[PDB]
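Step one of this worksheet: look at the structure below.
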Amino acid sequence: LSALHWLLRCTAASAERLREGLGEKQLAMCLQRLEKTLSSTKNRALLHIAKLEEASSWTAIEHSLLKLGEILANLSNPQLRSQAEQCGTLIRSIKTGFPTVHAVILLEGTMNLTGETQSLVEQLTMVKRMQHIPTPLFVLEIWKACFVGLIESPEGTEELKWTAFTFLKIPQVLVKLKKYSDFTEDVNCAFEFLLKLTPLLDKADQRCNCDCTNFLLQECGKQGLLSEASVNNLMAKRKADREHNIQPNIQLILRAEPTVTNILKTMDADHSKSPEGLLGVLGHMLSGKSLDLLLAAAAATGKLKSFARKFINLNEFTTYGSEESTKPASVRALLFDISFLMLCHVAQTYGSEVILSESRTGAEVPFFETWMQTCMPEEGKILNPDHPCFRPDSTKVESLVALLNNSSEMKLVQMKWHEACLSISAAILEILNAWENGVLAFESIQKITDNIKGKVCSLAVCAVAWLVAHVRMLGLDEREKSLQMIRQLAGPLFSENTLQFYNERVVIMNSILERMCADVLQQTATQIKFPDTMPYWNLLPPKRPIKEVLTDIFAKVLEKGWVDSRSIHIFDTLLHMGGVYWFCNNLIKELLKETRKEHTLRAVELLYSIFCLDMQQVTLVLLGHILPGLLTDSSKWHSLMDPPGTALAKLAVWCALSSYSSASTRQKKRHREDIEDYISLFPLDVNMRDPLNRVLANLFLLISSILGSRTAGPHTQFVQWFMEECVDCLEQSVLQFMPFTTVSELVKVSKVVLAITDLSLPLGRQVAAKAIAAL
Amino acid sequence: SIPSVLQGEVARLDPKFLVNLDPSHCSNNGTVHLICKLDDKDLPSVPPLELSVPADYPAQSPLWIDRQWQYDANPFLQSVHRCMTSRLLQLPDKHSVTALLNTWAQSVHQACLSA
Amino acid sequence: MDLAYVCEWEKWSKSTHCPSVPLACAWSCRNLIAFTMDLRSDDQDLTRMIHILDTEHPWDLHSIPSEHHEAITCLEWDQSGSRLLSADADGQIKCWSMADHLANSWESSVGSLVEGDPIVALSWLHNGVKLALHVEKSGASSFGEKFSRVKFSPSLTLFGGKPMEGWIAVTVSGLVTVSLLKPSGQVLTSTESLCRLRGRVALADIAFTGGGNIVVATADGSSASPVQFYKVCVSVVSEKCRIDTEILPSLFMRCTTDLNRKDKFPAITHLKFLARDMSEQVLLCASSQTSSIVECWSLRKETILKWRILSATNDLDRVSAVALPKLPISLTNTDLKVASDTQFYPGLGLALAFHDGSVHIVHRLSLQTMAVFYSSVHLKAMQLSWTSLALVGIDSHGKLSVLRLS
Amino acid sequence: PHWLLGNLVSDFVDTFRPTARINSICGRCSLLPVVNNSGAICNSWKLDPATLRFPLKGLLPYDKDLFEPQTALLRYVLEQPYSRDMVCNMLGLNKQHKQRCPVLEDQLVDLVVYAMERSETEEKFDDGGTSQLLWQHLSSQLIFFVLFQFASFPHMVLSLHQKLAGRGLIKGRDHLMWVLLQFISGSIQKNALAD
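Okay, structure coming up:
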């Protein structure tokens, strides 16, 4: 510190001699020793740890620096003035968009609308802390992602889910960000940032068919993100920029969320046990798009679970039969149909885990939960047709086949509909055996299918579920008969004996049967034409090897700069198909063949969000298999060059931190499938039976071994960068697993990993100043 | 930790040398690094002479990690470097640590008597 | 039963900081073991070397430096002993042949490539030669009575009685690929999806049938999803290969319909036909983290064709490797009787390694344990011999051991 | 070269590029003779019977085309009438010894598939139109070269089968069958029927 002060005084005196003179190379040499001392990382670290013990000499340092800067800036040089500016910046030293927030928001919109907001707030705060993001640009990227995903949404229920996601889930996210962190000024700044983007907002307004920025600003006013004066001048600006009969979906959703709450509170009590009122309200629900609007609002606002509990309890109430005549039981069976079909539609759209009760004290699990558990096809669920669930009795099933062969029921006055729906599988099994032996004619098959599908539509769904399981098990030539059964069960309407609301139940049932049969009718080219409703389904090309799909989608995502919704779905199917290791390895290969700084940083900011499909398993593969294979192989580390290598080290440390601090249904199923012994994989010469701690301990042993060895190459630069962004990215812990020999070795190989880690007590300077020695 | 043969060789040195371990560079993973000294009526020019004694001492004779940065900028130091390097070249294979210390001392003495 | 020798690497073990990989092992008709191991010293190509060990002189281990950029999934000798197929993750099937007819110099000129897709099953095509051993005619004093050819047809006969040579591989996607080697140096490749519903194939296996049909079984590891089956028919339409697939009856697995505690054993870990050319029986191995179940199934007709279970073990340790026999016994009822009376047991055993040291030689038909060998660390790869009197095995260390079974 | 020598040898051979450039008849690939039946073959047109390459003096770095098999010259000579002895003098055939020369066999097959292509173009605009003349000359030439076992029948037929198919070459298959009939009718009694 004193020699730096003497050097500053030498530059001041030599520059004064230069001013009096006007070869004065003394200034050139003085500045050369300034930049040669201060250019080293050792010396600037030594001055920074020298700062603490000698306070107020730094003031004299900077005042001499200011006078030096004046006397040099008056007499500029073609080379020395730039040098003096550089040394001044050194002594003081002692954007673009943010694609990751974009793709995280678009991922949560596409995959789990029904996820809790706290997980999303935790993930977004994480991303804001990893790469240090200003708050206006952060909220701007949230709004831009939401609007872009709304515009790119396919028409149908996905447009409803995206309108509910922007207008109902994102304000709650910003509210919890306001809690968990001067937010109104920043969100107002971000709204002005957004209101500059007139083409985005006009594309959105053409899809919304209204001013959806007006509804946004009134909604953020209601939540309290924005002050009212801000809201009014923003709406004035938007109207001025805008100047150059059916309700739109946003008004329907924003008014339909209070109807979700009030429909909960009024149908707690079965309309004071008036089932005709229930029939009227539920018939209004099955009128076009009203169910979807309620479900999108309830999903975006966290109340889908209570909605499912309410319809399940209604179903349990209408399972059995009260003592009745005909026009009370013909109401009760319709209540069973409406509750069942809406529950199947919920379970097929928003996943099955909102239907589960998650704790049932006592054995009294409802009928629909067990039926969905053991009998309904989902995406990753294939069913055993001769599971014991599909073989309840032999007693009831003969009563049921006699019931279906009697006439049009007429005995609906007491049916115990759960028993009937559980027995249809065995019933149509015996019907199929009878038709395969030929004892039954095709015309009687038509009569039985009409008796099934006519009075109550849920029977067709239960039968088609068992038929789909049974056709999936069969061979190719043996299928031909059973597909005809689906053609009659899923055919157009049987008429003239319908109870009530028949066409709407037919419409919902045709959707459910589409999503049940689609896979089996993909295996053999069979068109049923039930009635787009499956917008992201069957996305892969039929014959092309799957790495070409992966590299093409990643090339297009890099050249755009953000991840689409369709690209998110194909990336999910490839992660499920080729497995985690293949996926993560091929994406990292496609990283490492980039040569530009800009494209490498963008690729990493996208790949973090792509790996957020299953972050935990991807981190285990990444820090356990990919990085030790790149660091240990002697031929591989030429790929660890400067431009891709810094980016890869950033991605590894972001993945490590986000996995430590701590998501799709395929990934949940597959990690429940997975068996591995991480104690055996990483023998290692907190818990330490948690595999991530084991991978991190193994990786830090590898890093210490690389830093300690001879033959410094690009891999040593890699582990330097990894430790430096471990230091910079942290708040304070991933570095709890670092071996203490790394503390010594890292400043043997050079710096910041000392000067940050020490926490700067008076004794802490002594250990700091000791470390900065050797090299 | 440190092999017994190195401990005995250290215990049986001439009091001119004050050998010690090296905690500065990356050690305790490969060879044993030593900065010893030169203390005698002779000259104490460049006391460290960092020596890396590998494991399995009765083989792979230890190598002196060269540091020409300090031995330059001075004629005496350049001369001692030249003569000690030539004397290491003339040293027989499988030399010991005491051999390097003695040839270092005698090379310094030769540089004294020459100039 | 007994341990002949244990061959270990010297100082080249202690793989550090990089985790293990699964190993391959292949015992040829001539006694040459081809196998890969996790050496992991100063290079990862030490996990991409294919060691050829002549079993009479094991000290002399040749080490082919295969140019496989990912880890070698499958090794497979010829129907003779003269070529070796090796396929890794990311495509790249290579066909190593001898150089100058030395068993120490291998070089591959021919190979296939389905880039990016990991090969998960690999097999040479069947050349139509199959013989059966009648143990009850052991004294019959003529070799025509003891060993008799069983009229098998080769997949893809070309202009004569002569089969084409070639391989068929099944990737981790739905893709299957067939490569046909001409008598000239030319090679024809064709890939085609197995079925239209493209899905994960995490485990796969290949058998052949009479009639020249390949039967390939796929599973996606979940053990609550069906083990699907496909019939593949190869042809040379015009001048190029042509693959015709057709779905067969799938099976589900018991221990999922157990209903007491069905959730355990959630991973199918080994799928194996009982022998290639014995396409009607299937051995499956479900496993949890600690325990496992093997099962045998059969296609037998009555739905005409339908997979019914033969037998299953009670509960085991976690099965780490499985070796099926190669001696083609005649398997009918009289020969079962005479091989039980005169205690001939070479063709009736599978070997099951476990995650403790033990190895169980267990019956083919009703999987009851015939013998037990305690290692006194587990076998990560096993292979029985062609006369099935000795089994070779690579451990969870560098150790390669040959056991003799009486 | 080996990765340790590298440039040190490769550049060295590149400095022998001008000497090879001196010793090359320029345009040698595109110079064609006039086929006379007289014999007394000029040794400029001799090819190597193993590989159809020009025989080159030395080990110099010659130009890249001189290492290719000269199929254009051999096809031009086989398309001429009465080029029977000249093809033997080119490929060193001797007729005291039968050899099954393979590159001759492949060139004859490719000549047949070229005739089949040019017959499938039209063949009907001009009745003579050089097509049936080509098929007659193919009959005579291929009879001689298969009859003395300089090429062989069944390898020729099955390679011909591999070239056709997919190609979809069907308009003058009767001519190809006629040429095959000339071989079979010429030599059915000498060979086994499995040929």
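Order-wise, the sequence lines are chains A, B, C and D. Take the first sequence: its position 4, counting from 1, is numbered 1011 in this note's numbering, and each next residue is one higher. Take the second sequence: its position 14, counting from 1, is numbered 449 in this note's numbering, and each next residue is one higher. Take the third sequence: its position 67, counting from 1, is numbered 724 in this note's numbering, and each next residue is one higher. Take the fourth sequence: its position 106, counting from 1, is numbered 499 in this note's numbering, and each next residue is one higher. Just so it is clear, CB atoms sit at the ideal spot from N, CA and C, and this is done for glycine as well.
Buried versus exposed call for residue i [16 or more other C-beta atoms within 10 Å across all chains shown]
i       : result
C:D745  : buried
A:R1494 : exposed
A:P1085 : exposed
B:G465  : exposed
A:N1269 : exposed
B:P479  : exposed
D:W396  : exposed
D:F405  : exposed
C:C898  : buried
D:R566  : exposed
Option nearest residue i by Cα separation, candidates the options
i       : options                               : result
D:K583  : D:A544, D:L540 and D:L557             : D:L540
A:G1636 : C:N688, C:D700 and C:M658             : C:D700
B:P438  : B:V467, B:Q541, B:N455 and B:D457     : B:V467
A:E1487 : A:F1501, A:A1532 and A:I1515          : A:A1532
A:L1144 : A:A1197, A:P1178 and A:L1629          : A:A1197
C:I871  : C:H1054, C:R687, C:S1033 and C:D862   : C:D862
A:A1663 : A:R1609, A:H1722 and A:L1742          : A:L1742
A:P1384 : A:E1612, A:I1519, A:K1423 and A:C1094 : A:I1519
C:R855  : A:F1729, A:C1591, A:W1544 and A:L1638 : A:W1544
B:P493  : B:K529, B:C471 and B:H460             : B:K529
Contacts that residue i makes with chain D (C-beta to C-beta distance below 7 Å)
i      : result
C:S895 : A558 and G559
Cutoff 8 Å: residue i Cβ touching any chain C Cβ
i       : result
D:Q555  : yes
A:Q1225 : no
A:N1240 : no
A:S1671 : no
A:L1709 : yes
A:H1632 : yes
Cβ of residue i within 8 Å of any chain A Cβ
i      : result
C:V777 : no
C:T970 : no
C:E849 : yes
Chain A residues whose Cβ lies nearer than 8 Å to that of residue i
i      : result
B:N464 : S1712, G1715 and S1716
B:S459 : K1755, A1780 and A1781
Within chain C, partners of residue i - CB distance below 7 Å
i      : result
D:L586 : Residues of chain C passing the Cβ test: none, with the nearest at roughly 13 Å.
Per-residue contacts from residue i into chain C (C-beta, under 8 Å)
i       : result
D:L551  : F816
A:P1549 : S850, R853 and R855
Chain-ordered chain B contacts of residue i [CB-CB under 8 Å]
i       : result
A:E1752 : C461
Quiz item: Are at least three pairs of beta-carbons, each pair with one atom in the region 1105 to 1116 of chain A and one in the region 1058 to 1070 of chain A, less than 8 Å apart?
Solution: Short answer: they don't touch.
Self-check item: Stretch pair the region 823 to 838 of chain C + the region 771 to 787 of chain C: three plus CB contacts closer than 8 Å
Solution: Taking one beta carbon from each stretch, the region 823 to 838 of chain C and the region 771 to 787 of chain C have 3 or more pairs nearer than 8 Å; the two touch.
Quiz item: Do three or more CB pairs link the region 1349 to 1359 of chain A to the region 1432 to 1447 of chain A at distances below 8 Å?
Solution: Flag = no, the region 1349 to 1359 of chain A and the region 1432 to 1447 of chain A do not touch.
Practice problem: Report yes or no: do three or more beta-carbon pairs, one from the region 1027 to 1042 of chain A and one from the region 1759 to 1771 of chain A, lie closer than 8 Å? | Solution: The region 1027 to 1042 of chain A is not in contact with the region 1759 to 1771 of chain A.
Quiz item: Three or more C-beta pairs closer than 8 Å, one from the region 1172 to 1185 of chain A and one from the region 1304 to 1312 of chain A: is that the case here?
Solution: Counting Cβ pairs under 8 Å, three or more are found: they touch.
Quiz item: Does the region 872 to 892 of chain C touch the region 544 to 553 of chain D, meaning 3 or more C-beta pairs lie closer than 8 Å?
Solution: In the pairwise beta carbon analysis, the region 544 to 553 of chain D is classified as not touching the region 872 to 892 of chain C: fewer than three pairs are separated by under 8 Å.
Quiz item: Are the region 1146 to 1158 of chain A and the region 1198 to 1214 of chain A touching by the rule of at least three beta carbon pairs closer than 8 Å?
Solution: Because the criterion of three Cβ pairs below 8 Å is met, the region 1146 to 1158 of chain A and the region 1198 to 1214 of chain A touch.
Exercise. May I ask you to verify whether the region 1564 to 1580 of chain A touches the region 1603 to 1612 of chain A, counting CB pairs closer than 8 Å and requiring at least 3?
Key: By the Cβ criterion, the region 1564 to 1580 of chain A is in contact with the region 1603 to 1612 of chain A, since at least three pairs of Cβ atoms, one from each stretch, lie closer than 8 Å.
Quiz item: Per the contact definition of three or more C-beta pairs closer than 8 Å, is the region 505 to 512 of chain D in contact with the region 520 to 529 of chain D?
Solution: Taking 8 Å as the limit for Cβ pairs, the verdict is that the region 505 to 512 of chain D does touch the region 520 to 529 of chain D.
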